[PDB]
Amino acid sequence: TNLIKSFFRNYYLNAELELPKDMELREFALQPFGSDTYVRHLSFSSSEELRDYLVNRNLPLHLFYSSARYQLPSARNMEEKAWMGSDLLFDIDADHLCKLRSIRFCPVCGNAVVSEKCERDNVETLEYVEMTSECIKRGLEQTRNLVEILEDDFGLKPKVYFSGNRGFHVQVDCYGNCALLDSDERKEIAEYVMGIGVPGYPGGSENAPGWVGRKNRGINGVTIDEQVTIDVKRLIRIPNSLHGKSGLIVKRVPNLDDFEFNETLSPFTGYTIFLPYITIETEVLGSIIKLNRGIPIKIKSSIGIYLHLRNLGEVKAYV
């Protein structure tokens, strides 16, 4: 009996996911627990049909629905699927941005180990990457620029979401001919946002339109993941679903100044007895925390589930 599993199953019992109105036209997909391969070609017509599947049939470690709309979302033949438009997506990953503290180690002896196995214990090595709130700050600056471009240059109404782990998703609901844009036409928008072929406007005014004012406000291109925007058939991590690498909620950011990166992003109440793998002092959900190897410690569920899914240790019981 996986204990993280029960947490996830309990959240999905009552959680209300943000689902599109034409729900039956999307392909749903999920990565189950203890299986590295996705289940796809799922289709549901109501949030209740979906909730039954997640809670009784296949509990999701990661949950997605397609940015694209299909006539037959469950068909495996692509021409059967009948692609009929997709939403415009952007994904800002703090990969390129900050480069964080990372530690590879053996979960049995607790030593820093470069290799993929440990010689003594003959166990595979885990890696822990420390997600600081300064990283989320830099990420949050990027999506602020992106919302500026999409609103002022393109006239669109984007929605911002916490990715659940290391950044933000920007999604534009578009229902007209905007949804029918080529993958090629989306690469033109992607390169505009990234400032790839944008000329420097060396001596302009900050109030100039488009990239003229923006370049003279000191702003340059937005570091997005281009392949996310180019793929017409991308999988959107569902808002209010749980990110299987953190246990956090994919949360709408309705005001890009009120966003704080702390435990409130997790929906888990109570406390968990947590068993660390190493003696480490790191920042976890905006709070510096000291863990001691092999020394059980009672912490909140949010912090325990997070540290578990980040390979720092194991949640042993719930109170």
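One-based numbering along the sequence shown.
Undergrad: Once you work out the mean C-alpha B-factor for both 135-143 and 87-95 from the entry, which is higher?
TA: Stretch with the higher mean C-alpha B-factor: 87-95.
Undergrad: With reference to the PDB entry, specify whether the mean Cα temperature factor is higher for 229-237 or for 116-124.
TA: So the stretch with the higher mean C-alpha B-factor is 116-124.
Undergrad: If you compare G164, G155, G197, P158, which has the highest Cα B-factor in the entry?
TA: Result of the comparison over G164, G155, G197, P158: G197.
Undergrad: Pick out which of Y192, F105, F168, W211 has the highest C-alpha B-factor in the PDB entry.
TA: Result of the comparison over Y192, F105, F168, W211: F105.
Undergrad: Sorting the chain's CA B-factors, does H243 end up in the lowest, middle or highest third?
TA: As the PDB entry reports it, the C-alpha B-factor of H243 lands in the lowest third of its chain.
Undergrad: Of the three thirds of its chain by CA temperature factor, lowest, middle or highest, which one includes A82?
TA: Middle third, going by the recorded CA B-factors of the chain.
Undergrad: Sort the modelled residues of this chain by their C-alpha B factor and say whether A29 lands in the lowest, middle or highest third.
TA: For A29, the deposited C-alpha B-factor lands in the lowest third.
Undergrad: Among all modelled residues of this chain, ranked by Cα B factor, put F261 in the bottom, middle or top third, i.e. lowest, middle or highest.
TA: Answer is lowest: the recorded C-alpha B-factor places it there.
Undergrad: Looking at the entry's B-factor column for C-alpha atoms only, identify whether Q71 ranks in the lowest, middle or highest third of its chain.
TA: Middle third, going by the recorded CA B-factors of the chain.
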